[PDB]
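The structure under discussion appears below in the form of structure tokens.
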Amino acid sequence: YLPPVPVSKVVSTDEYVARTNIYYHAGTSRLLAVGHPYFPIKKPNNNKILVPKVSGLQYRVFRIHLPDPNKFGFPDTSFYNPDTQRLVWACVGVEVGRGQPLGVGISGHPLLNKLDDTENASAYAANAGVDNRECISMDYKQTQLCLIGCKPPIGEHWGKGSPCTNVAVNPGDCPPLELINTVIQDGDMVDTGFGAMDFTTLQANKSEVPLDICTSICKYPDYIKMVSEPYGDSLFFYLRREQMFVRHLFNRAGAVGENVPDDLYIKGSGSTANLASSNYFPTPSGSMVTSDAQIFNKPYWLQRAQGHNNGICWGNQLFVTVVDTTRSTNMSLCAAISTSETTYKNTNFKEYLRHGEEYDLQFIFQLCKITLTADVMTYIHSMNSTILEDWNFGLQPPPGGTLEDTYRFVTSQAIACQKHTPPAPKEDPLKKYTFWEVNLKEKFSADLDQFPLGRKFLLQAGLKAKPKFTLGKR
Amino acid sequence: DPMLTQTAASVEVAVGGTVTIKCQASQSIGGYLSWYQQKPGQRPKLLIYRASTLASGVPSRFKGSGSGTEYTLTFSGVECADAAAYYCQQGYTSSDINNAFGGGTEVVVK
Numbered sequence: 012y013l014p015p016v017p018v019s020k021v022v023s024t025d026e027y028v029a030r031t032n033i034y035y036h037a038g039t040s041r042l043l044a045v046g047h048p049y050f051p052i053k054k055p056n057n058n059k060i061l062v063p064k065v066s067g068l069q070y071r072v073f074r075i076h077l078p079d080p081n082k083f084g085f086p087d088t089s090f091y092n093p094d095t096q097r098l099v100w101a102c103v104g105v106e107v108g109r110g111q112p113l114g115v116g117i118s119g120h121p122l123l124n125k126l127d128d129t130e131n132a133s134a135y136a137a138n139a140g141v142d143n144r145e146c147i148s149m150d151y152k153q154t155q156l157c158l159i160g161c162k163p164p165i166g167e168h169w170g171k172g173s174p175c176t177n178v179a180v181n182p183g184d185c186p187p188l189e190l191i192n193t194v195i196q197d198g199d200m201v202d203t204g205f206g207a208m209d210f211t212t213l214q215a216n217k218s219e220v221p222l223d224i225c226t227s228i229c230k231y232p233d234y235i236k237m238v239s240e241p242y243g244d245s246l247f248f249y250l251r252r253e254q255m256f257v258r259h260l261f262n263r264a265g266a267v268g269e270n271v272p273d274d275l276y277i278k279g280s281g282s283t284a285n286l287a288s289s290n291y292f293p294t295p296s297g298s299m300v301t302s303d304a305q306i307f308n309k310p311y312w313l314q315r316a317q318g319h320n321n322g323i324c325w326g327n328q329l330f331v332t333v334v335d336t337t338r339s340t341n342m343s344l345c346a347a348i349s350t351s352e353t354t355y356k357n358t359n360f361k362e363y364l365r366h367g368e369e370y371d372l373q374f375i376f377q378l379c380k381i382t383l384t385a386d387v388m389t390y391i392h393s394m395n396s397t398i399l400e401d402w403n404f405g406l407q408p409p410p411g412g413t414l415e416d417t418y419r420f421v422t423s424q425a426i427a428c429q430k431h432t433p434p435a436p437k438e439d440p441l442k443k444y445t446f447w448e449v450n451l452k453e454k455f456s457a458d459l460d461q462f463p464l465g466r467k468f469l470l471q472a473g474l475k476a477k478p479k480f481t482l483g484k485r
Numbered sequence: 001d002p003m004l005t006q007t008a009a010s011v012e013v014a015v016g017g018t019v020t021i022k023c024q025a026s027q028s029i030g031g032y033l034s035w036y037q038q039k040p041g042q043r044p045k046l047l048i049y050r051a052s053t054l055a056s057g058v059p060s061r062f063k064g065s066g067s068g069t070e071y072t073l074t075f076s077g078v079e080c081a082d083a084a085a086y087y088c089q090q091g092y093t094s095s096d097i098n099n100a101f102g103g104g105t106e107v108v109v110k
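In order, the protein sequence lines correspond to chains A and m.
The numbering of the first sequence is the deposited numbering, which starts it at 12 and goes up by one.
The numbering of the second sequence is the deposited numbering, which starts it at 1 and goes up by one.
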């Protein structure tokens, strides 16, 4: 019956969420990942993945499922009416940690398109061998970041789109190269070296960069798209860090289409009436990776987001992405087919390559209740439909029925086909985009004195009567 | 195997006529194509490469066009020393081909 007017501007969360003194700690156990650093190996006949690609250049987005605090247990003096107000979690402290030695992570594939070097010479030879490309290896560039948001982060790349139908003269033409931005998966790589172009739907020779980024897309986060949205979602504490350097100077194959103008050089004679190259790819190199500036195992907290919402986690969810390439060791492994021969050989020992990574996450969550009297109800539904739809405020349909018969023996010839054959949503829409699930349904702890981060948060704020004087001195 | 056939014997032309020699290719070769004049007593001699760029010491009265699979070579103002043999030739430098880039002749001009 005639609801009041809704405010045309958005607002911070200080006005409509409450803050109590009830804190909880949630830390996952240990997370390990082993595989090959270059390509996911597969059978020669068909697709099946024996080892996963694991190298220290991926994105490693995490997905934290939180317990629903509308049926959750508390100590005394925490009360609410479930017909009037509901509850939601808010993070105040977060840590990302790794225990490893400190590595480098070089790469290079045996068919790299190099012609010559253009740093010194004595006489340039126009050579043009059929595929004269040669193995050259290189270093990369070190980067770090941490992004914490309620929804996944957003990166970008430079790709290819359809041009205007004006002129079509040759299959050897140039694309338009428009800019698009997508959602970030778990396995997309970053290089702040060659940069954000997918080397598959843009480069057909696929011999431009090393092979760890040759069948995939090298993305890069935005930092403009994720701050210009009017809510303050998807990131609220970012810490950027990287270093770079240039090492060597080379040449591509040289089949130039964008020709040089005439009125730029002077024509000579003899061997001096040609072109050497115009296309130059340089190599990157991360240098001096010293472990005093590493933005890790340091428990930073939150008092202010850069956006409008604080660490309120709608939908009982949370996302963490960390990027590291400082622990990029490589493990030269080898094993021998026969040990009895008392002389070493060519082919008696055959070798492999592996890469590993170890993570650990710890959080500090804070309780937040939200009262709802007819005004924020209009606001929350307009923020996102699923936030109001995860709580039932409508009464029952006319047939409710006994929810699902639940047959006992699910695989037989007696019953018909069962178990979720027509899948009506209710699921996450982001099911088609993979992540790393971290199940924290019953990881929580009400006390936090005997926890490795819990005293570090407790020492920072006031600890007066909170610890308690269990059995005394005299 | 990219093949240029050139099954075309040249027609009798007078002084100042225009001749359209057409060289068609089965596979797409890009723009990499050459042309030559062969006087029947001496070494062969080239006019144009990449179907648009002419060589040194050659007048600009020879023309070059064509892209993709079919190409041409036209000129006008036929002199007395244009009685020679002509040949179109690709540059796809493949291995399993047996090209010989053959075909082409030119009558004695009246």
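The C-beta atom is built at its ideal place from N, Cα and C for all residues, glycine as well.
Review point. Any idea if A:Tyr70 is buried or exposed, counting beta-carbon neighbours within 10 angstroms, 16 or more meaning buried?
Key: buried
Review point. Given that a residue counts as buried once 16 or more other Cβ atoms are within 10 Å of its Cβ, and exposed if not, what is A:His36?
Key: buried
Check your understanding: Given a limit of 9 Å on CB to CB distance, which residues of the stretch 62-93 of chain m reach chain A?
Key -> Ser67, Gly68, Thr93
Review point. How far does the alpha helix (DSSP H) with m:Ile48 in it reach, from first residue to last?
Key: m:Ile48 -> not in any alpha helix (DSSP H); beta strand (DSSP E) instead, spanning 45-49.
Point to revise | Selection from A:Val105, A:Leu344, A:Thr353 that minimises the alpha carbon distance to A:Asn308 | key: A:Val105
Practice item. Closer than 8 Å, Cβ to Cβ, to anything on chain m: give me those residues from the stretch 157-191 of chain A, in chain order. Key: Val180, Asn181, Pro182, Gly183
Review point. Using a beta-carbon distance below 8 Å, is m:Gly30 in contact with chain A?
Key: yes
Exercise for review: Examine the ligand ATP and report whether any of its heavy atoms sits within less than 7 Å of the Cβ of A:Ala37.
Suggested key: The ligand ATP is not among the ligands present in this structure, which contains no ligands whatsoever.
Review point. Is the stretch 89-103 of chain A close to the stretch 65-81 of chain A, with three or more CB pairs under 8 Å?
Key: yes
Review point. Between A:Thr39, A:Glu26, A:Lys20, A:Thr24, which lies nearest to A:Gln373 when the distance is taken from Cα to Cα?
Key: A:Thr39
Review point. Within this structure, are the beta carbons of A:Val103 and A:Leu313 separated by less than 8 Å?
Key: yes
Exercise for review: List the whole-angstrom C-beta distance separating A:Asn321 from A:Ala29, where the pair is believed to meet the contact cut-off of C-beta under 8 Å.
Suggested key: In fact, because the Cβ distance is near 12 Å, the residues do not count as touching under 8 Å.
Exercise for review: Jot down the residue ranges of each uninterrupted beta strand (DSSP E) in the stretch 272-312 of chain A, minimum 3 residues, whole runs only, in chain order.
Suggested key: 293-295
Point to revise | Per DSSP, cross-strand counterpart(s) of A:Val105 | key: A:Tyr311, A:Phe374
Practice item. Could you tell me which residues DSSP puts in a beta bridge with m:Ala25? Key: m:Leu4
Check your understanding: Taking 8 Å as the CB-CB cut-off, is A:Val141 touching chain B?
Key -> Structure shown: chain B not included; protein chains present are A and m.
**Study point:** Rounded straight-line distance, which links the Cα of A:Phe420 to that of A:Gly411
**Key:** 25 Å
Check your understanding: What residue does the beta strand (DSSP E) around m:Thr74 start on, and which one ends it?
Key -> 70-76
Review point. For the alpha helix (DSSP H) that contains A:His259, what are its first and last residues?
Key: That residue, A:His259, is in no alpha helix (DSSP H); its beta strand (DSSP E) goes 257-260.
Practice item. Counting only runs of 3+ residues fully inside the stretch 446-474 of chain A, write out the beta strand (DSSP E) ranges in chain order. Key: 447-450
Point to revise | Residue(s) in a DSSP beta bridge with m:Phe62 | key: m:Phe75
Check your understanding: What's the gap between the Cα of A:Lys171 and the Cα of A:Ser393?
Key -> 35 Å
Practice item. Go through its chain and collect everything with a Cβ distance to A:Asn359's Cβ below 8 Å, but skip five positions before and after it. Key: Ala347, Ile348, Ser349, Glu352
Review point. Is the number of C-beta pairs between the stretch 257-274 of chain A and the stretch 321-340 of chain A that are closer than 8 Å three or more?
Key: no
Review point. What separation, rounded to the nearest whole angstrom, lies between the Cα atoms of A:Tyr27 and A:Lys20?
Key: 15 Å
Review point. What's the call for m:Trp35, buried or exposed, on a 16-neighbour Cβ count within 10 Å?
Key: buried
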